[PDB]
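I have placed the structure first, in the form of structure tokens, so that the comments after it can refer back to it.
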2 protein chains.
Amino acid sequence: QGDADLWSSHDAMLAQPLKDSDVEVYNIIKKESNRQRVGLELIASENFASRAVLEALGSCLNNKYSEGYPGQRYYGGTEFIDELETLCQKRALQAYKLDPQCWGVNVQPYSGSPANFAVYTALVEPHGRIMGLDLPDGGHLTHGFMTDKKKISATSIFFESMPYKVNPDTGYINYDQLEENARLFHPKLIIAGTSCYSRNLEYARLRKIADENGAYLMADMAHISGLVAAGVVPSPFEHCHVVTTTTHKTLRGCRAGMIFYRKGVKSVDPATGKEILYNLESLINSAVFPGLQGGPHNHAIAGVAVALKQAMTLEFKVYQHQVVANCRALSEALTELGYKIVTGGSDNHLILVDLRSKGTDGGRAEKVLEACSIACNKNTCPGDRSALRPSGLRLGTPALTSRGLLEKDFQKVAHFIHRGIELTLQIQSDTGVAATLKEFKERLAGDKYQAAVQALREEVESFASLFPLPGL
Amino acid sequence: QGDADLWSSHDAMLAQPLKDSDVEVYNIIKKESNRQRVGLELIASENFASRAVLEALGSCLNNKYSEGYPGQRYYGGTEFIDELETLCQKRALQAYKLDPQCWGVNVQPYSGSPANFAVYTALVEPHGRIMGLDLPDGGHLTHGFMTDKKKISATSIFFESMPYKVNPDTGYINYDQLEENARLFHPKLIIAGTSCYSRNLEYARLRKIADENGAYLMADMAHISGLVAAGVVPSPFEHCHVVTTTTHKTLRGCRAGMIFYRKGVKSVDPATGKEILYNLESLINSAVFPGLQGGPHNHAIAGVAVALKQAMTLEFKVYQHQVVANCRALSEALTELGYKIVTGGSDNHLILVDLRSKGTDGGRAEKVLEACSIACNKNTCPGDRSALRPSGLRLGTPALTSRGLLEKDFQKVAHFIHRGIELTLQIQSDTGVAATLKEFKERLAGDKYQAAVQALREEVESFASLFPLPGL
């Protein structure tokens with residue numbers, strides 16, 4: 001009751017450090033930090049957020065309910081939150097060199113997938129038709145996915161999605177098939193965005209297609225957010241009606257998302273001779289809130305702001321150029337070493353390596369390379385048969401580049417990857433002429449292989465150890 | 001790189017602190033912290049997170065992609081993430097004293113509204129019927145809300161919702177109306193959860209009603225999560241099939257959400273005599289991922305974990321008892337002063353004050369009180385004429401209680417609130433027999449009153465300034 005002692009014990013609790021309260025978690029965090037430090041990060045969706053950003057996530061901004069938008073709030077005392085949110089929005093539009101009279105932005109999305117879902121809610125409405133790249137061809141779940149057996153992605157549950165595909169030769173999106181199919185399916189909205197594609201998108205062509213079908217062109221630039229900001233790859237802003245993005249990945253911020261949308265005259269009705277105006281702002285705004293979300297995560301919005309500020313520095317622009325340089329280096333190196341690079345190469349931060357040119361699959365390689373502290377993700381290539389046996393490894397440069405790695409370094413990486421593949425091959429051949437993934441993992445745990453793995457792992461960790469790990 | 005130095009300054013940026021990189025944000029955070037410190041926070045959905053929690057939010061856990069669940073990943077190298085997620089789940093089931101064979105919990109929801117949407121996705125499926133308390137009667141948007149014009153809440157867009165009402169004469173939920181209407185509408189899922197109700201729910205009765213209609217009984221304990229943890233209030237776990245919650249509010253963690261669900265026997269099939277098992281785990285799990293969400297917010301999950309650990313301390317249990325004590329104190333004081341308290345009082349952390357007993361509305365009062373550094377939120381009382389003129393103020397104790405306030409302190413607060421109300425009335429009468437809430441705000445900003453308001457504000461701030469403000 002009174003037990004002031006306890007009440008203090010209580011006041012005390014709330015103020016005692018992480019280290020001291022719940023050590024278990026403190027350790028976990030530190031163990032993970034160590035893991036990040038000693039490993040070679042080639043997962044294209046990963047990056048390391050700056051200290052500034054992390055510092056903002058840890059703020060008291062966590063505490064404040066700010067339902068609604070700046071200047072239309074449903075709670076009081078949002079004067080500082082409003083500075084923040086407005087600042088964030090302003091910085092975002094700056095970072096992408098967008099005219100405030102032609103663009104607005106909502107910065108409340110909790111993450112990427114929330115952002116996309118919000119746009120579909122605002123513009124497509126239930127059962128509305130969406131087309132995105134088929135998942136095995138480098139699409140993302142949120143861009144739609146269903147099998148004959150189940151509607152899998154929420155996009156494909158609450159909307160009718162159909163995929164457009166990448167030509168299993170060229171390795172490029174087959175915009176022509178898209179065109180024909182779009183005329184049959186009548187999409188309400190077409191997504192211009194990938195999770196695994198080495199090439200820029202023909203936005204201008206996509207927009208032709210969309211306008212032809214009276215659909216919206218929504219770009220998901222999550223993967224190339226940062227690349228576009230630094231102008232190292234074409235901007236989708238120039239042709240799309242709406243652009244969604246993640247604030248992490250190449251934008252190197254905390255996990256959150258953003259929706260950019262067109263403001264101004266959509267078209268003039270010669271029938272009325274007057275201008276019909278983009279309504280996207282109210283729809284999207286209403287979709288996010290009070291449609292889908294509740295309380296904004298202000299501590300996340302702060303982190304995004306911090307990220308955006310960094311995005312407009314010259315160091316950032318350089319970083320992005322380097323990111324793409326590194327990717328090219330890595331691609332060239334593997335290609336020289338005889339590996340097949342889907343599409344031939346890369347215009348961006350990732351490549352898709354068709355391990356079939358070495359006679360193995362990403363399914364296996366992923367797991368081995370993992371055991372050697374080389375983090376990548378498997379990923380099907382055009383013309384893959386079973387997605388239980390993906391042919392490909394998706395490799396990207398953002399994470400390592402943020403560590404400092406340059407072209408020569410990326411070449412050394414390509415070599416470490418190669419050793420990884422050799423090991424994979426060894427295991428597979430003892431695995432027997434068509435062993436299961438199961439038997440493969442068992443043999444990998446096998447004593448003979450564990451020795452080879454430990455070898456490579458050590459070299460890999462020491463190499464990674466030599467570069468810093470942003471954010472502390 | 002060409003400009004090594006520039007590259008060196010790049011590495012620098014990523015590691016240099018917030019205070020130094022982006023002072024603008026730094027100030028904003030500090031100004032907000034100050035705002036929180038000097039104000040009296042009585043917004044029922046607010047609380048102050050412990051430093052430990054905020055520390056975890058700040059961590060590099062932000063960086064890791066861990067799509068999927070522990071031992072069903074889509075990424076390699078989730079070994080520590082897996083510890084964390086599993087740890088979190090373990091702690092969640094502990095904190096709620098749930099039988100792990102009959103309950104599971106998913107801890108990935110980005111926030112509360114995401115959690116609920118995920119449950120409806122898993123169990124209700126599109127256009128499925130949901131019943132929740134009508135919003136102006138103390139429901140939440142995510143429990144459905146739709147007007148003769150427009151489906152507002154995403155719940156009400158993608159599912160068919162119809163509300164059950166609070167008896168305007170008693171201020172209680174009208175469980176009978178529920179019963180009758182449920183048999184007309186046939187809900188697939190019935191929500192047991194409020195955003196503004198002073199009383200416990202008959203989970204008991206609701207379960208009869210749900211079972212009667214073959215519906216699921218989903219409790220949204222967002223507001224009372226902490227109360228339930230400390231057992232200061234009857235638990236929904238005992239009757240509901242699923243329980244969703246926010247990890248802030250009374251749980252005093254960071255902003256995120258969680259979904260508890262039943263595992264085990266649904267019912268012996270007397271027809272067969274074997275066991276019909278609960279499939280809730282896979283449904284909910286699949287809904288959250290890969291249905292609705294992408295990358296888990298691991299840094300948020302960490303924060304939640306830390307919170308849950310604190311929830312299991314005796315200091316926490318004390319805090320909760322105090323929270324309810326404080327609410328009673330505040331309620332009793334106002335009631336004594338002649339103010340009308342919806343339902344007569346409170347079993348929990350909040351009261352709904354019908355300012356009609358003092359001849360005014362929450363619309364006005366909220367703004368006055370705001371200007372005096374007393375945060376609450378306006379709110380309709382059951383049977384208010386129109387949503388445009390809310391008669392009510394929702395007041396809660398969690399935030400201030402976490403600061404240290406006890407019963408006597410809460411009484412002083414009730415008195416400060418009263419002065420607020422007096423000022424409200426003064427302005428209103430000069431606002432005259434008519435006049436918009438706009439005109440009221442203008443008169444309030446008027447020189448005359450700004451003097452009085454600055455007086456009250458100063459007193460209020462000095463009182464608040466005397467208590468600590470959790471988080472470092």
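Ordering of the structure tokens sets the chain letters (A, B, ...); residue numbers start at 1 within each chain; ligands are numbered from 1 in the order shown.
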
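Interface residues on chain B toward chain A (cut-off 6 Å, only C-alpha atoms): residues 10, 14, 15, 17, 18, 32, 48, 50, 51, 52, 54, 55, 57, 58, 63, 80, 113, 153, 154, 291, 292, 293, 294, 315, 470 and 471 of chain B.
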
Please produce, as JSON lines, a per-residue contact table for segment 69-134 of chain A versus segment 236-242 of chain A (criterion: any atom at most 10 Å away, only C-alpha atoms considered), showing the nearest atom pair and its distance in Å to one decimal, sorted by chain then residue number.
```
{"residue": "A:96", "atom": "CA", "partner": "A:237", "partner_atom": "CA", "distance": 8.3}
{"residue": "A:97", "atom": "CA", "partner": "A:237", "partner_atom": "CA", "distance": 9.6}
{"residue": "A:98", "atom": "CA", "partner": "A:237", "partner_atom": "CA", "distance": 8.2}
{"residue": "A:103", "atom": "CA", "partner": "A:242", "partner_atom": "CA", "distance": 9.0}
{"residue": "A:104", "atom": "CA", "partner": "A:242", "partner_atom": "CA", "distance": 9.6}
{"residue": "A:105", "atom": "CA", "partner": "A:242", "partner_atom": "CA", "distance": 9.4}
{"residue": "A:119", "atom": "CA", "partner": "A:242", "partner_atom": "CA", "distance": 8.3}
{"residue": "A:123", "atom": "CA", "partner": "A:242", "partner_atom": "CA", "distance": 10.0}
```

*asked:* Set the distance at 7 Å and use only C-alpha atoms: which residues neighbour residue 164 of chain B once local chain neighbours fewer than 3 positions away are removed? I'd like the list as a ChimeraX atom specification.
replied: /B:131-134,177-178

_For residue 180 of chain A, find every residue with an atom within 10 Å (counting only C-alpha atoms), except residues of its own chain fewer than 5 positions away, and show them as a VMD selection string._
chain A and resid 175 185 209

*Could you give me, as a PyMOL selection string, the residues within 12 Å of residue 448 of chain A, counting only C-alpha atoms and dropping anything in the same chain fewer than 4 positions from it?*
chain A and resi 423+426-427+430+442-444+452-455

Just-selected residues, N, CA and C atoms written as a PDB file, in the first residue's frame:
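Saved result, selection24.pdb, follows:
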```
ATOM      1  N   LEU A 423      31.631 -25.876 -51.232  1.00  0.00           N
ATOM      2  CA  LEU A 423      31.255 -26.689 -50.092  1.00  0.00           C
ATOM      3  C   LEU A 423      29.873 -27.279 -50.350  1.00  0.00           C
ATOM      4  N   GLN A 426      30.120 -30.122 -52.641  1.00  0.00           N
ATOM      5  CA  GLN A 426      30.759 -31.268 -52.031  1.00  0.00           C
ATOM      6  C   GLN A 426      29.674 -32.024 -51.307  1.00  0.00           C
ATOM      7  N   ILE A 427      29.042 -31.326 -50.368  1.00  0.00           N
ATOM      8  CA  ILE A 427      28.000 -31.949 -49.580  1.00  0.00           C
ATOM      9  C   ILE A 427      26.986 -32.658 -50.471  1.00  0.00           C
ATOM     10  N   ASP A 430      27.982 -36.101 -51.957  1.00  0.00           N
ATOM     11  CA  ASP A 430      27.954 -37.163 -50.953  1.00  0.00           C
ATOM     12  C   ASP A 430      26.524 -37.382 -50.503  1.00  0.00           C
ATOM     13  N   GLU A 442      21.488 -32.639 -42.803  1.00  0.00           N
ATOM     14  CA  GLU A 442      22.044 -33.635 -41.901  1.00  0.00           C
ATOM     15  C   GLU A 442      23.525 -33.825 -42.213  1.00  0.00           C
ATOM     16  N   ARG A 443      23.865 -33.958 -43.500  1.00  0.00           N
ATOM     17  CA  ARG A 443      25.258 -34.153 -43.880  1.00  0.00           C
ATOM     18  C   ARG A 443      26.076 -32.908 -43.530  1.00  0.00           C
ATOM     19  N   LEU A 444      25.476 -31.723 -43.748  1.00  0.00           N
ATOM     20  CA  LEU A 444      26.078 -30.433 -43.433  1.00  0.00           C
ATOM     21  C   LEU A 444      26.448 -30.379 -41.951  1.00  0.00           C
ATOM     22  N   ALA A 452      35.279 -28.039 -42.544  1.00  0.00           N
ATOM     23  CA  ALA A 452      35.447 -27.139 -43.690  1.00  0.00           C
ATOM     24  C   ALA A 452      34.738 -25.814 -43.431  1.00  0.00           C
ATOM     25  N   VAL A 453      33.495 -25.933 -42.938  1.00  0.00           N
ATOM     26  CA  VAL A 453      32.641 -24.812 -42.611  1.00  0.00           C
ATOM     27  C   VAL A 453      33.319 -23.938 -41.571  1.00  0.00           C
ATOM     28  N   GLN A 454      33.883 -24.554 -40.512  1.00  0.00           N
ATOM     29  CA  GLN A 454      34.515 -23.780 -39.456  1.00  0.00           C
ATOM     30  C   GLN A 454      35.712 -22.996 -40.013  1.00  0.00           C
ATOM     31  N   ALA A 455      36.463 -23.634 -40.924  1.00  0.00           N
ATOM     32  CA  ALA A 455      37.567 -22.999 -41.626  1.00  0.00           C
ATOM     33  C   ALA A 455      37.103 -21.691 -42.245  1.00  0.00           C
TER      34      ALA A 455
END
```

*Backbone DSSP call of strand (DSSP E or B) for segment 104-334 of chain A, listed as a ChimeraX atom specification*: /A:104-106,129-133,146,151,160-164,166,173,189-193,216-220,242-246,257-262,265-269,274-277

Let's see if you can do this: from backbone DSSP, list all alpha helix (DSSP H) residues in segment 243-416 of chain A, as a PDB file with C-alpha atoms, in the first residue's frame.
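Here's the written file selection.pdb:
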```
ATOM      1  CA  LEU A 280      -5.579  10.837 -53.663  1.00  0.00           C
ATOM      2  CA  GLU A 281      -4.673  12.849 -50.563  1.00  0.00           C
ATOM      3  CA  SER A 282      -7.970  12.425 -48.758  1.00  0.00           C
ATOM      4  CA  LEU A 283      -8.399   8.778 -49.806  1.00  0.00           C
ATOM      5  CA  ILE A 284      -4.922   7.670 -48.782  1.00  0.00           C
ATOM      6  CA  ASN A 285      -4.987   9.790 -45.647  1.00  0.00           C
ATOM      7  CA  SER A 286      -8.355   8.371 -44.654  1.00  0.00           C
ATOM      8  CA  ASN A 298       5.927   8.750 -33.263  1.00  0.00           C
ATOM      9  CA  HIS A 299       9.271   7.355 -32.159  1.00  0.00           C
ATOM     10  CA  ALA A 300       9.385   5.566 -35.532  1.00  0.00           C
ATOM     11  CA  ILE A 301       8.404   8.751 -37.382  1.00  0.00           C
ATOM     12  CA  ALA A 302      11.254  10.525 -35.612  1.00  0.00           C
ATOM     13  CA  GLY A 303      13.653   7.805 -36.763  1.00  0.00           C
ATOM     14  CA  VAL A 304      12.389   8.196 -40.318  1.00  0.00           C
ATOM     15  CA  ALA A 305      12.901  11.927 -40.161  1.00  0.00           C
ATOM     16  CA  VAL A 306      16.502  11.387 -38.986  1.00  0.00           C
ATOM     17  CA  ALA A 307      17.032   8.926 -41.842  1.00  0.00           C
ATOM     18  CA  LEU A 308      15.625  11.351 -44.421  1.00  0.00           C
ATOM     19  CA  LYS A 309      17.964  14.053 -43.178  1.00  0.00           C
ATOM     20  CA  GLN A 310      20.899  11.693 -43.707  1.00  0.00           C
ATOM     21  CA  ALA A 311      19.525  10.806 -47.145  1.00  0.00           C
ATOM     22  CA  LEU A 314      26.538  14.103 -49.946  1.00  0.00           C
ATOM     23  CA  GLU A 315      27.916  11.143 -47.983  1.00  0.00           C
ATOM     24  CA  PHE A 316      24.588   9.366 -48.627  1.00  0.00           C
ATOM     25  CA  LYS A 317      24.681  10.167 -52.414  1.00  0.00           C
ATOM     26  CA  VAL A 318      28.206   8.746 -52.510  1.00  0.00           C
ATOM     27  CA  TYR A 319      27.154   5.676 -50.489  1.00  0.00           C
ATOM     28  CA  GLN A 320      24.406   4.934 -53.037  1.00  0.00           C
ATOM     29  CA  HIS A 321      26.797   5.334 -55.956  1.00  0.00           C
ATOM     30  CA  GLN A 322      29.147   2.964 -54.148  1.00  0.00           C
ATOM     31  CA  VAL A 323      26.284   0.546 -53.438  1.00  0.00           C
ATOM     32  CA  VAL A 324      25.696   0.228 -57.158  1.00  0.00           C
ATOM     33  CA  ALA A 325      29.417   0.081 -57.937  1.00  0.00           C
ATOM     34  CA  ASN A 326      29.813  -2.756 -55.453  1.00  0.00           C
ATOM     35  CA  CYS A 327      26.924  -4.666 -56.978  1.00  0.00           C
ATOM     36  CA  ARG A 328      28.491  -4.345 -60.439  1.00  0.00           C
ATOM     37  CA  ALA A 329      31.864  -5.504 -59.072  1.00  0.00           C
ATOM     38  CA  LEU A 330      30.304  -8.514 -57.374  1.00  0.00           C
ATOM     39  CA  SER A 331      28.262  -9.351 -60.504  1.00  0.00           C
ATOM     40  CA  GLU A 332      31.249  -9.075 -62.822  1.00  0.00           C
ATOM     41  CA  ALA A 333      33.388 -11.210 -60.460  1.00  0.00           C
ATOM     42  CA  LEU A 334      30.872 -14.042 -60.214  1.00  0.00           C
ATOM     43  CA  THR A 335      30.258 -13.946 -63.943  1.00  0.00           C
ATOM     44  CA  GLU A 336      33.998 -14.255 -64.598  1.00  0.00           C
ATOM     45  CA  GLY A 362      19.954 -21.666 -53.597  1.00  0.00           C
ATOM     46  CA  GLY A 363      17.986 -23.865 -51.181  1.00  0.00           C
ATOM     47  CA  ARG A 364      21.125 -25.714 -50.160  1.00  0.00           C
ATOM     48  CA  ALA A 365      23.634 -22.940 -50.770  1.00  0.00           C
ATOM     49  CA  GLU A 366      21.712 -20.509 -48.557  1.00  0.00           C
ATOM     50  CA  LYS A 367      22.024 -22.858 -45.569  1.00  0.00           C
ATOM     51  CA  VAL A 368      25.745 -23.684 -46.057  1.00  0.00           C
ATOM     52  CA  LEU A 369      26.791 -20.097 -46.686  1.00  0.00           C
ATOM     53  CA  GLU A 370      24.791 -19.303 -43.574  1.00  0.00           C
ATOM     54  CA  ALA A 371      26.876 -21.773 -41.581  1.00  0.00           C
ATOM     55  CA  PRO A 398      23.487  -2.164 -49.177  1.00  0.00           C
ATOM     56  CA  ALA A 399      24.268  -3.780 -45.847  1.00  0.00           C
ATOM     57  CA  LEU A 400      27.991  -4.389 -46.396  1.00  0.00           C
ATOM     58  CA  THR A 401      28.391  -1.083 -48.250  1.00  0.00           C
ATOM     59  CA  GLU A 407      34.752  -2.681 -55.121  1.00  0.00           C
ATOM     60  CA  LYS A 408      37.899  -4.656 -54.278  1.00  0.00           C
ATOM     61  CA  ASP A 409      36.248  -5.791 -51.013  1.00  0.00           C
ATOM     62  CA  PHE A 410      33.144  -7.003 -52.866  1.00  0.00           C
ATOM     63  CA  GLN A 411      35.419  -9.061 -55.080  1.00  0.00           C
ATOM     64  CA  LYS A 412      36.886 -10.788 -52.039  1.00  0.00           C
ATOM     65  CA  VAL A 413      33.294 -11.436 -51.018  1.00  0.00           C
ATOM     66  CA  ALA A 414      32.490 -13.047 -54.357  1.00  0.00           C
ATOM     67  CA  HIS A 415      35.415 -15.378 -53.690  1.00  0.00           C
ATOM     68  CA  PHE A 416      34.139 -16.270 -50.215  1.00  0.00           C
TER      69      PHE A 416
END
```

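Distance annotation: of A:312, A:201, A:186, A:109, the residue with the minimal separation from residue 92 of chain A is A:312; atom set is only C-alpha atoms.
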
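Straight-line separation from atom CA of residue 383 of chain A to atom CA of residue 351 of chain A: 16.5 Å.
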
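Going from atom CA of residue 437 of chain A to atom CA of residue 382 of chain A covers 21.2 Å.
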
*Do you have the atom CA of residue 355 of chain B-atom CA of residue 70 of chain A distance handy?*
27.5 Å

_Excluding residue 353 of chain B and its own-chain neighbours fewer than 4 positions away, which residues fall within 9 Å of it when counting only C-alpha atoms? Please give them as a PyMOL selection string._
chain B and resi 331+334+339-342+357+362+379+381+391-395

I need the chosen residues saved as a short mmCIF file (atom, residue, chain, number, x, y, z; two decimals), in the first residue's frame, with C-alpha atoms.
```
data_model
loop_
_atom_site.label_atom_id
_atom_site.label_comp_id
_atom_site.auth_asym_id
_atom_site.auth_seq_id
_atom_site.Cartn_x
_atom_site.Cartn_y
_atom_site.Cartn_z
CA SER B 331 -14.31 9.48 -9.50
CA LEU B 334 -15.92 14.56 -8.84
CA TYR B 339 -20.39 15.75 -11.46
CA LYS B 340 -22.26 12.91 -13.25
CA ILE B 341 -20.11 9.81 -13.81
CA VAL B 342 -21.39 7.44 -16.52
CA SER B 357 -24.14 17.97 -14.77
CA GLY B 362 -16.37 17.77 -23.52
CA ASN B 379 -16.05 11.74 -25.74
CA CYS B 381 -21.78 9.80 -23.21
CA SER B 391 -21.08 15.73 -23.48
CA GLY B 392 -18.19 13.75 -22.03
CA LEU B 393 -14.56 13.74 -20.91
CA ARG B 394 -12.73 10.45 -20.73
CA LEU B 395 -10.30 10.49 -17.77
#
```

*Skip residue 210 of chain B itself and residues of its chain fewer than 2 positions away, then list as an MDAnalysis selection string all residues within 9 Å of it, counting only C-alpha atoms.*
chainID B and resid 179 182 187:190 205:208 212:217
